[PDB]
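Residue numbering for the sequence shown follows this note's numbering, beginning at 119 and increasing consecutively.
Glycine is no exception: its CB is placed at the ideal position from the N, C-alpha and C atoms.
First up is the structure itself, then whatever we jot down about it.
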Amino acid sequence: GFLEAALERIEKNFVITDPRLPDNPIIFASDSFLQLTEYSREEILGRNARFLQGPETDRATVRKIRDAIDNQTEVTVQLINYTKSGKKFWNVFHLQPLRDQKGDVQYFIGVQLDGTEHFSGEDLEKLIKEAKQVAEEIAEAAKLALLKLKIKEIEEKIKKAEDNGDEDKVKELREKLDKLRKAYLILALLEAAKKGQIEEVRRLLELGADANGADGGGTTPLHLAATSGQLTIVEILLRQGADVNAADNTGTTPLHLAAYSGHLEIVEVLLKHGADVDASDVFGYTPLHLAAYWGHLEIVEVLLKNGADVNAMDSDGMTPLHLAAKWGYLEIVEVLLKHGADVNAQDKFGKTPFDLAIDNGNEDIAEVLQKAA
(Lines of atoms letter the chains of each structure in order from A and count residues from 1; the text may use other names and numbers.)
(Lines give C-alpha, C1' and ligand atoms only; values in the text may rest on other atoms or scores of the structure.)
Protein backbone atom coordinates (compact mmCIF):
# COMPACT_ATOMS: atom_id res chain seq x y z
CA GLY A 1 0.00 0.00 0.00
CA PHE A 2 1.54 3.35 -1.04
CA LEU A 3 -0.54 5.15 1.70
CA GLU A 4 0.37 2.53 4.39
CA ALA A 5 4.13 2.76 3.51
CA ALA A 6 3.99 6.63 3.62
CA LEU A 7 2.22 6.77 7.04
CA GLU A 8 4.36 4.03 8.79
CA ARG A 9 7.36 6.39 8.29
CA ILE A 10 5.90 9.11 10.62
CA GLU A 11 7.11 8.78 14.24
CA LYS A 12 4.18 10.79 15.69
CA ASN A 13 0.89 9.97 17.52
CA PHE A 14 -1.88 10.01 14.96
CA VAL A 15 -4.76 8.14 13.33
CA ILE A 16 -6.51 8.33 9.92
CA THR A 17 -10.30 7.74 9.69
CA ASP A 18 -12.39 7.13 6.57
CA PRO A 19 -15.67 9.10 6.84
CA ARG A 20 -16.95 7.59 3.53
CA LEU A 21 -17.10 4.26 5.44
CA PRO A 22 -19.94 3.84 7.98
CA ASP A 23 -19.13 5.06 11.57
CA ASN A 24 -15.88 6.83 10.33
CA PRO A 25 -13.44 4.01 11.22
CA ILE A 26 -9.71 4.31 11.92
CA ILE A 27 -7.95 2.86 8.83
CA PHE A 28 -4.38 3.71 10.07
CA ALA A 29 -2.91 4.05 13.59
CA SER A 30 0.73 4.99 14.20
CA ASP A 31 2.95 2.69 16.38
CA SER A 32 3.29 5.77 18.62
CA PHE A 33 -0.54 6.06 19.15
CA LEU A 34 -0.82 2.25 19.87
CA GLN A 35 2.05 2.64 22.38
CA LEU A 36 0.25 5.58 24.13
CA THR A 37 -3.21 3.93 24.19
CA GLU A 38 -1.90 0.35 24.87
CA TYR A 39 -3.86 -1.23 21.93
CA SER A 40 -2.69 -3.37 18.96
CA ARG A 41 -3.58 -2.56 15.29
CA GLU A 42 -5.81 -5.71 15.18
CA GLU A 43 -7.86 -4.25 18.17
CA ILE A 44 -8.16 -0.63 16.63
CA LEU A 45 -8.21 -0.80 12.81
CA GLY A 46 -11.81 -0.64 11.45
CA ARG A 47 -13.29 0.85 14.67
CA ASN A 48 -14.50 4.38 15.57
CA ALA A 49 -12.07 6.36 17.84
CA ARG A 50 -14.82 6.68 20.56
CA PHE A 51 -13.02 3.81 22.59
CA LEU A 52 -10.69 6.69 23.75
CA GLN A 53 -13.67 8.28 25.58
CA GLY A 54 -14.09 7.49 29.31
CA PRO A 55 -16.09 9.03 32.21
CA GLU A 56 -13.80 12.14 32.50
CA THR A 57 -13.65 12.83 28.75
CA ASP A 58 -15.55 16.17 28.58
CA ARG A 59 -18.74 15.64 26.60
CA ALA A 60 -18.84 19.33 25.42
CA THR A 61 -15.26 18.78 24.05
CA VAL A 62 -16.33 15.54 22.29
CA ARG A 63 -19.29 17.51 20.84
CA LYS A 64 -16.81 20.04 19.26
CA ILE A 65 -14.89 17.11 17.72
CA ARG A 66 -18.25 15.60 16.45
CA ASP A 67 -19.31 19.05 14.99
CA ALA A 68 -15.89 19.37 13.23
CA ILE A 69 -16.38 15.96 11.54
CA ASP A 70 -20.03 16.88 10.60
CA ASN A 71 -18.98 20.36 9.17
CA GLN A 72 -15.73 19.03 7.58
CA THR A 73 -13.64 21.62 9.55
CA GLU A 74 -10.55 21.63 11.83
CA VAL A 75 -10.53 21.87 15.62
CA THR A 76 -7.84 21.69 18.28
CA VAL A 77 -8.90 20.79 21.84
CA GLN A 78 -7.43 19.62 25.13
CA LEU A 79 -9.12 16.68 26.93
CA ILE A 80 -8.65 13.50 29.01
CA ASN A 81 -8.63 10.23 27.04
CA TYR A 82 -8.32 6.59 28.15
CA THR A 83 -5.88 3.74 27.52
CA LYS A 84 -7.01 0.09 26.98
CA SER A 85 -6.37 -0.54 30.74
CA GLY A 86 -8.49 2.51 31.71
CA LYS A 87 -5.55 4.89 32.46
CA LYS A 88 -6.35 8.62 31.86
CA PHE A 89 -4.05 10.94 29.87
CA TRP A 90 -4.39 14.65 29.03
CA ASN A 91 -3.77 15.42 25.32
CA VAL A 92 -3.89 18.30 22.86
CA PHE A 93 -5.86 16.75 19.98
CA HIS A 94 -6.00 18.30 16.47
CA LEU A 95 -8.51 17.06 13.82
CA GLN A 96 -8.39 18.14 10.14
CA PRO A 97 -9.96 16.83 6.91
CA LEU A 98 -7.80 15.58 3.99
CA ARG A 99 -9.62 16.33 0.69
CA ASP A 100 -9.44 14.63 -2.79
CA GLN A 101 -8.70 16.52 -6.05
CA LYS A 102 -12.49 17.29 -6.25
CA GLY A 103 -11.97 18.80 -2.74
CA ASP A 104 -14.38 16.24 -1.16
CA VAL A 105 -13.23 14.88 2.22
CA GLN A 106 -11.44 11.54 1.74
CA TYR A 107 -9.93 11.18 5.27
CA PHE A 108 -9.68 12.83 8.69
CA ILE A 109 -6.27 13.19 10.35
CA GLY A 110 -6.20 13.15 14.18
CA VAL A 111 -3.01 14.11 16.04
CA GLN A 112 -2.50 13.68 19.85
CA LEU A 113 0.26 15.34 21.96
CA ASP A 114 0.06 13.72 25.46
CA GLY A 115 1.30 15.09 28.86
CA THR A 116 -0.08 18.66 28.30
CA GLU A 117 -1.99 19.47 31.62
CA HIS A 118 0.67 21.95 32.97
CA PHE A 119 1.09 23.92 29.69
CA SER A 120 -0.32 27.51 29.78
CA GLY A 121 -0.20 30.62 27.51
CA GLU A 122 2.85 30.72 25.12
CA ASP A 123 3.96 27.11 25.94
CA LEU A 124 0.47 25.67 25.26
CA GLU A 125 0.18 27.81 22.09
CA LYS A 126 3.46 26.14 20.89
CA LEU A 127 1.85 22.68 21.38
CA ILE A 128 -1.28 23.76 19.41
CA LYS A 129 1.03 24.84 16.52
CA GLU A 130 3.05 21.60 16.88
CA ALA A 131 -0.08 19.36 16.50
CA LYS A 132 -1.18 21.40 13.40
CA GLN A 133 2.30 21.14 11.74
CA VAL A 134 2.28 17.33 12.40
CA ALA A 135 -1.17 17.10 10.72
CA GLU A 136 0.26 19.14 7.76
CA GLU A 137 3.33 16.78 7.58
CA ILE A 138 0.93 13.78 7.54
CA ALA A 139 -1.33 15.44 4.91
CA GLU A 140 1.59 16.12 2.50
CA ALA A 141 2.99 12.55 2.84
CA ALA A 142 -0.57 11.22 2.19
CA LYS A 143 -1.21 13.55 -0.80
CA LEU A 144 2.06 12.33 -2.46
CA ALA A 145 1.19 8.65 -1.78
CA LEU A 146 -2.34 9.14 -3.24
CA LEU A 147 -0.84 10.79 -6.38
CA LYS A 148 1.52 7.78 -6.80
CA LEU A 149 -1.50 5.42 -6.44
CA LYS A 150 -3.44 7.46 -9.10
CA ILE A 151 -0.38 7.27 -11.44
CA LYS A 152 -0.11 3.44 -10.86
CA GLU A 153 -3.89 3.09 -11.56
CA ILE A 154 -3.94 5.20 -14.81
CA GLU A 155 -0.85 3.26 -16.10
CA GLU A 156 -2.90 0.05 -15.49
CA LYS A 157 -5.85 1.51 -17.48
CA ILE A 158 -3.48 2.58 -20.34
CA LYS A 159 -2.04 -0.96 -20.59
CA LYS A 160 -5.67 -2.29 -20.74
CA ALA A 161 -6.79 0.30 -23.41
CA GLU A 162 -3.65 -0.64 -25.53
CA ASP A 163 -4.73 -4.35 -25.41
CA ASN A 164 -8.25 -3.41 -26.75
CA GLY A 165 -6.78 -1.10 -29.45
CA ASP A 166 -8.78 1.83 -27.93
CA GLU A 167 -6.24 4.36 -29.22
CA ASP A 168 -8.48 7.39 -28.30
CA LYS A 169 -8.76 6.25 -24.65
CA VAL A 170 -4.93 5.70 -24.47
CA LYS A 171 -4.38 9.32 -25.68
CA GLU A 172 -7.01 10.62 -23.20
CA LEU A 173 -5.42 8.64 -20.29
CA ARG A 174 -1.88 9.70 -21.41
CA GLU A 175 -2.99 13.39 -21.11
CA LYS A 176 -4.32 12.65 -17.58
CA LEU A 177 -1.04 10.87 -16.67
CA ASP A 178 1.05 13.82 -17.97
CA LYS A 179 -1.04 16.07 -15.64
CA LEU A 180 -0.58 13.83 -12.53
CA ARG A 181 3.19 13.98 -13.19
CA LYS A 182 3.12 17.84 -13.54
CA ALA A 183 1.16 17.92 -10.25
CA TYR A 184 3.67 15.66 -8.47
CA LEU A 185 6.59 17.83 -9.77
CA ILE A 186 4.97 21.10 -8.46
CA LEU A 187 4.04 19.48 -5.11
CA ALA A 188 7.72 18.39 -4.67
CA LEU A 189 9.08 21.81 -5.89
CA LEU A 190 6.91 23.83 -3.50
CA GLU A 191 8.09 21.68 -0.54
CA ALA A 192 11.82 21.78 -1.58
CA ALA A 193 11.63 25.64 -2.00
CA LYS A 194 10.01 25.92 1.48
CA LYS A 195 12.47 23.50 3.21
CA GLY A 196 15.51 25.11 1.44
CA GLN A 197 16.57 21.95 -0.41
CA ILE A 198 18.74 23.64 -3.10
CA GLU A 199 19.94 20.52 -4.99
CA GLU A 200 16.38 19.05 -4.84
CA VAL A 201 15.06 22.32 -6.39
CA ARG A 202 17.73 22.08 -9.16
CA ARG A 203 16.82 18.41 -9.82
CA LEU A 204 13.05 18.98 -9.88
CA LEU A 205 13.53 21.80 -12.44
CA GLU A 206 15.93 19.62 -14.59
CA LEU A 207 13.09 17.00 -14.57
CA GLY A 208 10.61 19.63 -15.87
CA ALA A 209 8.98 21.12 -12.72
CA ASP A 210 7.14 24.38 -13.53
CA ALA A 211 8.97 27.29 -11.77
CA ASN A 212 5.56 29.05 -12.15
CA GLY A 213 3.41 26.22 -10.71
CA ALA A 214 1.13 27.25 -7.78
CA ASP A 215 -0.82 25.49 -4.98
CA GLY A 216 -4.57 25.95 -4.15
CA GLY A 217 -3.99 29.52 -2.87
CA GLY A 218 -1.81 30.56 -5.91
CA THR A 219 1.43 30.19 -3.77
CA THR A 220 4.52 29.72 -6.01
CA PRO A 221 7.94 28.25 -5.14
CA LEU A 222 9.30 31.81 -5.29
CA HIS A 223 6.78 32.92 -2.61
CA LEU A 224 7.90 30.08 -0.33
CA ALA A 225 11.64 30.72 -0.94
CA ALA A 226 11.05 34.46 -0.22
CA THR A 227 9.39 33.71 3.12
CA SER A 228 12.02 31.18 4.24
CA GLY A 229 15.00 33.40 3.28
CA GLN A 230 16.39 30.92 0.69
CA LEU A 231 18.60 33.31 -1.39
CA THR A 232 20.10 30.63 -3.77
CA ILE A 233 16.67 29.06 -4.42
CA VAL A 234 15.27 32.59 -5.15
CA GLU A 235 18.08 33.08 -7.75
CA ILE A 236 17.59 29.59 -9.30
CA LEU A 237 13.80 30.13 -9.73
CA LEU A 238 14.34 33.64 -11.27
CA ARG A 239 17.03 32.40 -13.74
CA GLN A 240 14.53 29.64 -14.80
CA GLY A 241 11.65 32.08 -15.52
CA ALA A 242 9.79 32.37 -12.20
CA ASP A 243 7.41 35.39 -12.42
CA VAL A 244 9.02 37.81 -9.89
CA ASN A 245 5.54 39.50 -9.46
CA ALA A 246 3.31 36.39 -9.13
CA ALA A 247 0.32 37.35 -6.96
CA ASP A 248 -1.32 34.60 -4.78
CA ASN A 249 -5.15 34.65 -4.21
CA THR A 250 -4.66 37.44 -1.54
CA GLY A 251 -2.62 39.43 -4.13
CA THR A 252 0.58 38.76 -2.02
CA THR A 253 3.87 38.81 -4.08
CA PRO A 254 7.33 37.46 -3.14
CA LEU A 255 8.50 41.01 -2.42
CA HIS A 256 5.67 41.35 0.17
CA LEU A 257 6.77 38.09 1.81
CA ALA A 258 10.47 39.09 1.78
CA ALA A 259 9.55 42.45 3.37
CA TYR A 260 7.12 40.76 5.81
CA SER A 261 9.86 38.29 6.92
CA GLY A 262 12.82 40.79 7.20
CA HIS A 263 14.94 39.14 4.42
CA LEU A 264 16.95 42.19 3.09
CA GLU A 265 19.19 40.25 0.61
CA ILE A 266 16.03 38.66 -0.95
CA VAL A 267 14.21 42.08 -1.08
CA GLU A 268 17.26 43.47 -2.96
CA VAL A 269 17.44 40.53 -5.42
CA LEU A 270 13.72 40.56 -6.20
CA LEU A 271 13.87 44.36 -6.88
CA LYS A 272 16.98 43.92 -9.05
CA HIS A 273 14.93 41.33 -11.12
CA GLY A 274 12.06 43.82 -11.62
CA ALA A 275 9.75 43.16 -8.61
CA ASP A 276 6.88 45.73 -8.51
CA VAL A 277 7.90 47.88 -5.44
CA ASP A 278 4.24 49.17 -5.18
CA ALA A 279 2.30 45.89 -5.66
CA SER A 280 -0.79 46.15 -3.36
CA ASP A 281 -2.38 43.00 -1.84
CA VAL A 282 -6.22 42.61 -1.62
CA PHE A 283 -6.11 44.73 1.61
CA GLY A 284 -4.18 47.47 -0.31
CA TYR A 285 -0.90 46.65 1.60
CA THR A 286 2.42 47.31 -0.16
CA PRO A 287 5.83 45.89 0.83
CA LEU A 288 6.61 49.24 2.48
CA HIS A 289 3.46 48.94 4.70
CA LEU A 290 4.70 45.48 5.85
CA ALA A 291 8.33 46.62 6.33
CA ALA A 292 7.06 49.58 8.45
CA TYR A 293 4.55 47.45 10.45
CA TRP A 294 7.25 44.81 11.44
CA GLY A 295 10.00 47.45 12.14
CA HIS A 296 12.34 46.41 9.27
CA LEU A 297 14.34 49.70 8.96
CA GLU A 298 16.88 48.55 6.29
CA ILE A 299 14.07 47.12 4.13
CA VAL A 300 12.09 50.39 4.50
CA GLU A 301 15.30 52.23 3.32
CA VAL A 302 15.84 49.86 0.31
CA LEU A 303 12.19 50.02 -0.80
CA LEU A 304 12.21 53.88 -0.74
CA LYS A 305 15.64 53.92 -2.50
CA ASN A 306 13.88 51.80 -5.20
CA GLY A 307 11.00 54.28 -5.73
CA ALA A 308 8.33 52.94 -3.31
CA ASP A 309 5.25 55.18 -3.09
CA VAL A 310 5.95 56.63 0.43
CA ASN A 311 2.19 57.57 0.82
CA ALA A 312 0.47 54.31 -0.33
CA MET A 313 -2.89 53.81 1.47
CA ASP A 314 -4.27 50.42 2.54
CA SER A 315 -8.10 49.88 2.43
CA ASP A 316 -8.26 51.42 5.99
CA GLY A 317 -6.48 54.60 4.67
CA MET A 318 -3.26 53.78 6.66
CA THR A 319 0.03 55.02 5.09
CA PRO A 320 3.44 53.60 6.11
CA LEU A 321 3.92 56.62 8.43
CA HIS A 322 0.62 55.83 10.31
CA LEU A 323 1.95 52.25 11.00
CA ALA A 324 5.47 53.31 12.01
CA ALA A 325 3.96 56.04 14.31
CA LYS A 326 1.39 53.50 15.70
CA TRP A 327 3.96 50.71 16.52
CA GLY A 328 6.72 53.07 17.75
CA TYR A 329 9.43 52.82 15.03
CA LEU A 330 11.22 56.19 15.47
CA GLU A 331 13.97 55.76 12.80
CA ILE A 332 11.41 54.47 10.21
CA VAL A 333 9.20 57.61 10.92
CA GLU A 334 12.36 59.80 10.45
CA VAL A 335 13.28 57.98 7.18
CA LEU A 336 9.63 58.12 5.85
CA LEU A 337 9.42 61.93 6.30
CA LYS A 338 12.72 62.53 4.38
CA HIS A 339 11.10 60.65 1.45
CA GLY A 340 7.92 62.83 1.33
CA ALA A 341 5.56 61.07 3.83
CA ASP A 342 2.32 63.08 4.33
CA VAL A 343 1.87 64.06 8.03
CA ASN A 344 -1.69 65.26 7.22
CA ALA A 345 -2.91 61.88 5.80
CA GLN A 346 -6.07 60.75 7.62
CA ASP A 347 -7.05 57.10 7.75
CA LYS A 348 -10.70 55.84 7.49
CA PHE A 349 -11.19 56.85 11.21
CA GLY A 350 -9.89 60.48 10.91
CA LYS A 351 -6.42 59.86 12.45
CA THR A 352 -3.06 61.29 11.32
CA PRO A 353 0.23 59.55 12.27
CA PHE A 354 0.60 62.24 15.01
CA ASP A 355 -2.82 61.14 16.44
CA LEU A 356 -1.68 57.45 16.59
CA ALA A 357 1.71 58.38 18.10
CA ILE A 358 -0.28 60.34 20.80
CA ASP A 359 -2.89 57.57 21.43
CA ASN A 360 -0.02 55.01 21.80
CA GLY A 361 2.11 57.21 24.12
CA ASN A 362 4.97 57.27 21.57
CA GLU A 363 6.44 60.58 22.91
CA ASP A 364 9.54 60.90 20.71
CA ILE A 365 7.55 60.16 17.55
CA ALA A 366 4.80 62.73 18.45
CA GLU A 367 7.56 65.42 18.90
CA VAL A 368 9.26 64.58 15.49
CA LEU A 369 5.79 64.56 13.75
CA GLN A 370 4.74 67.88 15.42
CA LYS A 371 8.11 69.43 14.32
CA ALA A 372 7.31 68.33 10.68
CA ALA A 373 3.65 69.64 10.83
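Assigned with DSSP and collapsed to three states, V133 falls in strand. Taken through DSSP and simplified to helix, strand or coil, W208 comes out as strand. Each of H212, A124, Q190, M431 was checked against the Cα of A263, and the nearest Cα belongs to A124.
DSSP places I128 in the coil class of the three-state scheme, outside both helix and strand.
Considering only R165, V229, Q358, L242, the residue with the shortest C-alpha distance to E254 is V229. Only buried fits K130, as 16 or more other CB atoms lie within 10 angstroms of its CB.
By a beta-carbon distance limit of 8 Å, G380 does not contact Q348. Their separation comes to about 14 Å. For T234, no pairing in a beta bridge is given by DSSP. For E452 against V420, the beta-carbon gap comes to about 16 Å, at or over 8 Å, which does not count as contact. The straight-line gap separating the alpha-carbon atoms of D394 and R321 is approximately 29 Å. Per the DSSP secondary-structure output, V193 pairs in a beta bridge with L213. A straight-line Cα-Cα distance of about 53 Å links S398 and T201.
The continuous stretches of alpha helix (DSSP H) do not include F146, which lies in the beta strand (DSSP E) extending over residues 144-147. In its chain, beyond the 5 residues on either side, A344, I384, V385, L388 have a beta carbon closer than 7 Å to the beta carbon of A376. Nearest Cα to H341 within the set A311, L408, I276, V400: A311. Taking a contact as a CB-CB distance under 8 Å, the pair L448 and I483 counts as one, their CB atoms being some 6 Å apart. Contact annotation: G468 and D432 have beta-carbon atoms that are not nearer than 7 Å. Bounds of the alpha helix (DSSP H) holding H440 are 438-445. Between the alpha carbons of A364 and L355 lies a gap of roughly 12 Å. Counting C-beta pairs with one atom in each stretch, the region 184-191 and the region 208-218 have three or more that are closer than 8 Å, which means they touch. Straight-line spacing of the CA atoms in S238 and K247 works out to 14 Å. Contact annotation: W208 and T234 have beta-carbon atoms nearer than 7 Å. Between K270 and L291, the beta carbon gap of about 13 Å keeps them out of contact (Cβ cut-off 8 Å). Residue ranges of uninterrupted alpha helix (DSSP H) with 4 or more members, entirely inside the region 301-353 and ordered along the chain, are 316-324, 339-346.
Less than 7 Å separates the beta-carbon of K294 from that of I272. The closest CA to that of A301, considering only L197, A332, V400, is found on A332. Of the candidates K390, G392, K423, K423 places its Cα closest to the Cα of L406. Burial check for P140: the Cβ neighbour count within 10 Å stays below 16, so the residue is exposed. For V418, the closest C-alpha among the options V400, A459, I183, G435 is that of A459. In this structure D232 is in contact with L154, their Cβ atoms being roughly 6 Å apart against a cut-off of 8 Å. Using a Cβ distance threshold of 7 Å, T404 and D366 do not count as a contacting pair. Counting only runs of at least 4 residues, the region 409-468 fully encloses the following alpha helix (DSSP H) elements, listed from N- to C-terminal order: 415-423, 438-445, 448-456. For the 7 Å CB-CB criterion, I351 and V400 do not form a contact. Sequence-distant partners of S203 (beyond 5 residues in either direction) whose C-beta falls short of 6 Å from its own C-beta, in its chain, are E156.
About 6 Å separates the beta carbon of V223 from that of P137, a gap short enough to meet the 8 Å contact definition.
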